[PDB]
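Engineer: The structure is given below, and queries will be raised subsequently.
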Amino acid sequence: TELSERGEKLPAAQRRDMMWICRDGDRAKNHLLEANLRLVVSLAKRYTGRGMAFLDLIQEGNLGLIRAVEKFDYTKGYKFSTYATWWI
DNA sequence: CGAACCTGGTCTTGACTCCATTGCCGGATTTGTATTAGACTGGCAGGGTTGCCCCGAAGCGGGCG
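Residue 322 in PDB author numbering sits at position 59 of the first sequence, and the numbers go up by one each step.
Following this line, the structure appears as structure tokens:
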């Protein structure tokens with residue numbers, strides 16, 4: 264982003280492997296989301312019985328999980344599920 | 001027949017005054033968003049009844065040998 268202005272000229276190998284890292288991060292993000300979808304279902308399974316549909320509850324839990332993997336930190340050394348349960 | 005008057009709408013002006021129209025400001029309340037770090041990771045209406053249409057075995061008769 265700070266390179267897209269006239270910050271620096273683009274070397275070929277540096278450009279292509281920084282593109283590889285930038286594309287790899289999104290695949291890792293999607294991998295984490297696709298991992299914890301089951302936790303989302305296991306949390307949403309008990310808020311039924313009033314008003315909304317079960318798939319709607321699951322989808323809003325998915326959106327909360329996207330927010331949780333946005334604002335998740337690992338240097339506190341805790342498991343992901345205890346942090347994401349709150350946001351879901 | 002001429003003058004004075006009474007009272008008809010007719011109309012101006014000066015003063016009062018009163019209430020809507022913004023307008024600001026301070027506060028109260030009301031609505032909307034972000035954040036909570038132990039670990040937790042795949043459910044439940046539901047069937048039953050009645051009636052009608054579409055494809056598959058099967059005789060089977062005609063073409064085939």
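Quick reminder that beta carbons are idealized off the backbone N, C-alpha and C, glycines included.
Apart from the five residues on each side of it in sequence, which residues of its chain come closer than 7 Å, Cβ to Cβ, to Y346?
Structural biologist: So the list reads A331 and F335, once near-sequence residues are dropped.
Engineer: If you draw a straight line from the C-alpha of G324 to the C-alpha of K292, how long is it?
Structural biologist: Cα to Cα, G324 sits roughly 17 Å from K292.
Engineer: Please list the terminal residues of the continuous alpha helix (DSSP H) segment that includes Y346.
Structural biologist: Where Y346 is concerned, the enclosing alpha helix (DSSP H) stretches over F343 to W350.
Engineer: How long is the line joining the alpha carbons of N299 and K342, rounded to whole angstroms?
Structural biologist: Between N299 and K342, the C-alpha separation is close to 12 Å.
Engineer: Rounded to whole angstroms, what's the CA-CA distance from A307 to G288? Just pull it up for me.
Structural biologist: The straight-line gap from Cα to Cα measures roughly 28 Å.
Engineer: Rounded to whole angstroms, what is the Cα-Cα separation between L318 and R290?
Structural biologist: Their backbone Cα atoms lie some 25 Å apart in a straight line.
Engineer: Check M281 in the structure and name its three-state DSSP category.
Structural biologist: Correct three-state label for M281: helix.
Engineer: By a C-beta neighbour count over all protein chains shown, 10 Å radius and 16 as the cutoff for buried, is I351 buried or exposed?
Structural biologist: Buried, since its Cβ has 16 or more Cβ neighbours within 10 Å.
Engineer: Is the beta carbon of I284 sitting closer than 9 Å to the one on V304?
Structural biologist: No, these two residues do not count as a Cβ contact at 9 Å.
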